[PDB]
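# Fold and contact review
Each chain, letter by letter, is given below.
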Protein chains: 2
Amino acid sequence: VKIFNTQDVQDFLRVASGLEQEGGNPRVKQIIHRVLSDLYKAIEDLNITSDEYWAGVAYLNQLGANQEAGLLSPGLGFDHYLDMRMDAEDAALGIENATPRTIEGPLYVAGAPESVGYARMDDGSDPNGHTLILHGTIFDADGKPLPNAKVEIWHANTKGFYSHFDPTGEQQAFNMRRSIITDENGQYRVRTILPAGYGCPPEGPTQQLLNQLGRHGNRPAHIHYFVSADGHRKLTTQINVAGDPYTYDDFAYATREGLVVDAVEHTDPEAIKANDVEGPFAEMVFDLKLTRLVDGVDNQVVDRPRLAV
Amino acid sequence: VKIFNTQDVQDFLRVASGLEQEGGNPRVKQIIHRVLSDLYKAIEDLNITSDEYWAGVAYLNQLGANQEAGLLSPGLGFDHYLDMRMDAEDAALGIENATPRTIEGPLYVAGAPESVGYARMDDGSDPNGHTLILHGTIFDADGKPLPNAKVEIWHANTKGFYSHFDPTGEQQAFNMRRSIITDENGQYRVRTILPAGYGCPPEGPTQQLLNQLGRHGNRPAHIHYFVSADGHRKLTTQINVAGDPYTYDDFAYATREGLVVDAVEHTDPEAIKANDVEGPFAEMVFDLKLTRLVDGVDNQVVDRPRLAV
Ligand SMILES: CCCCCCCCCCCCCCC(=O)OC[C@H](COP(=O)(O)OCC[N+](C)(C)C)OC(=O)CCCCCCCCC
Ligand SMILES: CCCCCCCCCCCCCCC(=O)OC[C@H](COP(=O)(O)OCC[N+](C)(C)C)OC(=O)CCCCCCCCC
Ligand SMILES: [Fe+3]
Ligand SMILES: [Fe+3]
């Protein structure tokens, strides 16, 4: 069956998209018209049957019903694709991104408590939590330590769950989520625990689709960062714990060279005492370098729906 | 800045689609690879920003959270387009569809009370209800009256609400939904009320998107039909109440010539008695002709998720 190219289908697409209507948002009509045309044509080229089509429609209800559209998005590469475009755009502007950007993920929560230079991020409720001392320096576009920079950090516990999105009931609010203002030396330091990789809800629609593609829904253990400072663009990035089995096989394709960091284990009394910890702990050091605004504006900040508490 | 047609993106699309993955369903992979490709390209061609992109993802979650994907589908023309494809395929097979097919819509419910030849489908709870006597003859593929055919009929009340999907929660199960087995004369007859036009939930995601297209979300008053019989293909169609303002401006583009039916108003006592009614009523007559199976196979039945109670 080949009717996509006929006038009847072509005119129909314009009507359905409201291209004839006077009211509405032209930008939305422009996008809808293109997306519907491509889908109508894809249904024809791939000879998608009504049975297949309705299975897709049902999937869609299920995806939104479980609020996983933002989990499927990175899984299908969109999130990373958008970063590639941003990288291509910076490269064209001659902007050299000292610290590579990567995806934000759908689990950011605004409102975390903030403090200067230091904070403990966890409430010690994770029975199997291994102490992690994470610290580093923030450099401005000139390569100079930058005090007063806001470093936002969030990560999962040893079960791969984030506060506010923990499927097993509650975690204290903002557990493992803190905002840290860099100190006089442009440094930040946090005490938290080593996160475990995140895994998509096994029975959720995202995992269901990934199974049909022969793919897993796992992420290596990682820690999220937002770094913002006057005169600089907002940096969105992450660090992956070196050695993780999924370091180079992340279902969200967010891992990058330069973002893989080693977690050094300390067990000697001198180190333990010096960082005033109660026992053996891991240490990770990670510095971030920011880029300047482009003609006074941040050409890459993303405004997207984020939970606020 | 264009990167879609570069090796890095093309290779990425195959990876995200699971193409070089051993497990999975190849049919799903093939469709996902085509859809992702088109969407990655549309994002580049229309220069869709991350901000615009995340607004689309958010919409997707609400679409599903409100179980409206099956409502938006017809509004974007997919349902009708699939019917166009079916008609095209029937024409190619030399099949003449005496009674044209049209969309099923997303509100069919399986399990309705069944009776022979006659049935009253409303329970009288509807205050503004206007008695309607809808009757007709079902013809087999040779034009002969066909007894024991199963006629399924469902429609909205005077408020434009369907039982099982009535926000007011007024209606009892299967109100205005019945299956009628045609009698010895191949006839079906029902007493019900004139339905009112259906309108998408004004606050719902379907209507919100339709507003952005400068479009309304109304359907003319109509009555749905499923007619099935041994040796014949299952017919999916509907009739429109002639005169309705939205007859030729249905948001689901389901109207077709041959399906617009006049509701004859009867007011003399002679007709009221001959029909066993309490007063003035409307009458609609609609006969349906079925098509024979194609080598013992119904090549157009659609198996899609349908509510069963
Ligand atoms: C409102 C407009 C929206 C339009 C949507 C775009 C068009 C839709 C494309 C259709 C893709 C259909 C392919 C799915 C399919 O034909 O079968 C998919 C599988 C089912 O597996 P089976 O084992 O065969 O099930 C049966 C097992 N039994 C036999 C034992 C019973 O189930 C699934 O959920 C996979 C479905 C994923 C498709 C979602 C794509 C969306 C990406 C953005
Ligand atoms: C698995 C994930 C797959 C994802 C597929 C992604 C889709 C592709 C990109 C879609 C881009 C949509 C662009 C929409 C947009 O740029 O803005 C959309 C509006 C917003 O209204 P505004 O008044 O502009 O908001 C602003 C008010 N201010 C100005 C005062 C701030 O609202 C909406 O509902 C938009 C609804 C979009 C419909 C998407 C349909 C695709 C389904 C077939
Ligand atoms: Fe994460
Ligand atoms: Fe309907």
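Residues numbered from 1 in each chain as written, not as in the entry; some residues may be left out. Chains lettered and ligands numbered in written order. Heavy atoms only, no water.

For this deposition, the record names X-ray crystallography as the technique by which the model was determined and cites 1.9 Å as its resolution.

For the rest of this paragraph, the subject is the relation of the copies chain A and chain B. Under the fitted operation, chain A is carried onto chain B by 0.0 Å of movement along the axis and a turn of 179°, and the coordinates agree to an RMSD of 0.4 Å. Given the turn and translation reported, the copies of this chain are related as if by a two-fold rotation axis. Both copies present the same face, since 95% of the interface residues in chain A are matched by interface residues at the equivalent positions in chain B. (Least-squares fit on C-alpha atoms. Contact = heavy atoms within 4.5 Å.)

The next subject is the pattern of salt bridges. Residues and elements named next belong to chain B. Enumeration over the complete set of coordinates arrives at 31 salt bridges over all chains. The salt bridge partner of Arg34 is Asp38, with a shortest N-O separation of 2.9 Å. Here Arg34 and its partner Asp38 are both found in helix α2 (residues 26–45), 4 residues apart, which amounts to about one turn of the helix. A salt bridge links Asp250 to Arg219; the shortest N-O distance between them is 2.7 Å. (Salt bridge = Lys/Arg side-chain N within 4 Å of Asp/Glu carboxyl O. Helix = DSSP H or I, 4+ residues; strand = E, 2+ residues; numbered from the N terminus.)

Taken together, the protein donors to the iron ion (ligand 4) comprise B:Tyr162 (OH), B:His222 (NE2) and B:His224 (NE2), at separations of 1.9 to 2.1 Å. For B:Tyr162, a relative accessible area of 2% translates into the label buried. (Donors = N, O, S within 2.8 Å, 3.2 Å for Na, K, Ca; no water. Buried < 20%, exposed > 50% of the residue type's maximum accessible area, 1.4 Å probe, protein only.)

What follows concerns the site of ligand 1. In the region of ligand 1, the neighbouring residues are A:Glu52, A:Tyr53, A:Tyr59, A:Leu60, A:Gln212, B:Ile32 and B:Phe78. In this structure, ligand 1 is bordered by residues of chains A and B. Protein burial of ligand 1: of its 1,000 Å² of free accessible surface, 60% is covered by the chains. If one sorts the elements of the shell around ligand 1 by residue count, helix α3 (residues 50–65) of chain A sits on top with 4 residues. (Near = heavy atom within 4 Å. Areas by Shrake-Rupley, 256 points an atom, 1.4 Å probe, with all protein chains shown as cover.)

So, about the site of ligand 2. As a structural note, the neighbourhood of ligand 2 is formed by A:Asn25, A:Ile31, A:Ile32, A:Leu72, B:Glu52, B:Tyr53, B:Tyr59 and B:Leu60. Neighbouring residues of ligand 2 are distributed over chains A and B. Coverage of ligand 2 by the protein amounts to 62% of the 1,000 Å² it exposes when considered alone. Elements with a contribution of two residues or more to the shell around ligand 2: α2 (26–45) of chain A together with α3 (50–65) of chain B. Here the residues of the shell around ligand 2 are counted per class, giving 6 nonpolar, 1 polar and 1 charged. (Nonpolar A, V, L, I, M, F, W, Y, C, P; charged D, E, K, R; others polar.)

The next point concerns the UniProt feature "binding site: catechol" in chain A. Residues and elements named next belong to chain A. In the numbering used here, UniProt assigns the feature "binding site: catechol" to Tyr162, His222, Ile223 and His224. A stretch of 63 residues holds the annotated residues, and the largest C-alpha distance among them is 11.7 Å, short enough that they meet in one place. With respect to the helices and strands, the residue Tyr162 is situated in the loop between β5 (150–155) and β6 (177–181). Apart from the residues within four sequence positions on either side, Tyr162 is in contact with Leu107, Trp154, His155, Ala156, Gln171, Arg177, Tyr198, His222 and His224. Among the structural elements, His224 can be located in strand β8 (residues 222–228). In this structure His224 comes out as buried when scored by relative accessible area, which is 3%. Sequence-distant contacts of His224, defined by excluding residues within four places in its chain, comprise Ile103, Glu104, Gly105, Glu152, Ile153, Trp154, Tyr162, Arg219, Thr237 and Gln238. (UniProt positions renumbered as here; feature names shortened; annotations may be inferred.)

All names here are of chain B. Along the chain, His222 turns up in strand β8 (residues 222–228). Among the polar contacts made by the side chain of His222, one reaches the side chain of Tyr162 at a distance of 2.9 Å. A polar contact is formed between the side chain of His222 and the side chain of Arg219, at a distance of 3.4 Å. In this structure, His222 is in contact with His155, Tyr162, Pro195, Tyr198, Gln238, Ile239 and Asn240, ignoring residues within four places of it in sequence. (Polar contact = N/O pair within 3.5 Å; in protein donor to acceptor, adjacent residues only side chain to side chain.)

A few words on the packing of aromatic side chains. The relative placement of two aromatic rings is captured by the distance of their centres and the angle of their planes. Within this structure, the stated rule accounts for 24 aromatic pairs over all chains. Centroid distance B:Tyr188 to B:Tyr225: 6.0 Å. Interplanar angle 80°. Geometry classified as edge-to-face. Here the residue B:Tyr188 occupies a position in strand β7 (residues 187–193), and B:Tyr225 occupies one in strand β8, the gap between them amounting to 37 residues. Judged on exposure class, the residue B:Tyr188 and its partner B:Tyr225 are both buried. Through pairs of rings, three or more aromatic residues link up here, namely A:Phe12, A:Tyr40, A:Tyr53, A:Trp54, B:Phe78, B:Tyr81 and B:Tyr253. The side chain of A:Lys234 reaches across the aromatic face of A:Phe226, ending 4.1 Å from its centre. For the cation-ring pair, A:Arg304 lies above B:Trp54, with the distance from its terminal atom to the ring centre recorded as 3.6 Å. (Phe/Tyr/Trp six-rings, centres within 6.5 Å; stacked < 30°, edge-to-face > 60°. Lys NZ or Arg CZ within 6 Å of the ring centre and 35° of its normal.)

So, about the environment of A:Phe251. Residue and element names in this part refer to chain A. For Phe251, the position within the fold is in the loop between β9 (235–241) and β10 (260–261). Placed 177 residues apart in sequence, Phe251 and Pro74 show a C-alpha to C-alpha distance of 7.8 Å. Beyond its immediate chain neighbours, meaning those up to four positions away, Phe251 contacts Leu71, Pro74, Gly75, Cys200, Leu210, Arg215, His216, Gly217, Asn218 and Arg219.

Another point: the UniProt feature "binding site: Fe cation" in chain A. All names here are of chain A. UniProt marks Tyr162, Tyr198, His222 and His224 with the feature "binding site: Fe cation", using the numbering shown here. Following the sequence through the fold, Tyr198 ends up in the loop between β7 (187–193) and α6 (205–212). Once residues lying within four places of it in the same chain are set aside, the contact partners of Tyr198 are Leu71, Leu107, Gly160, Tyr162, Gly217, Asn218, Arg219, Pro220 and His222. Polar side-chain contacts of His224 include one of 3.2 Å to the backbone oxygen of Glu104.

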